[PDB]
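Okay, so here's just one chain, in structure tokens, the form solved without its partner chain.
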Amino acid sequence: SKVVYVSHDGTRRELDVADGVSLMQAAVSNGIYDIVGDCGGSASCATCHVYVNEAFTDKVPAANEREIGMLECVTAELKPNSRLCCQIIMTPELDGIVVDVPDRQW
């Protein structure tokens, strides 16, 4: 799947994430996950605070109730379609997904 990561400084990094892989898995491989995953990707923290283009949020597997509670624990401003990276599974059909990462993810 074509995955685009929009950093805070504006630098964009695009990777290929295979089916069943989490945007978090491909990030650690392209040097993008340097967000110090607290739960280590076990979906138990809010360090993976990112913004998924509202166009893939209602398409990729609806975030689980564990993310909603961790989403209220983020350090930056939440968005109506705000999402995390360790609870989303990429797929070829959803290729073109745009992920927006802020300057405050803690």
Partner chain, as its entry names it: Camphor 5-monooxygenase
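Positions refer to the first chain, counted from 1.
Keep in mind that the form deposited with its partner chain bound is not shown, yet the notes after this line are about it.
Looking at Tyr33, you'd find a heavy atom of it within 4.5 angstroms of its partner chain in the bound PDB entry. In the bound PDB entry, its partner chain sits beyond 4.5 Å of every heavy atom of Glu77. For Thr47, a non-hydrogen atom is located within 4.5 Å of its partner chain in the bound PDB entry, even though that partner is not displayed.
At least one heavy atom of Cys39 is located within 4.5 Å of its partner chain in the bound PDB entry.
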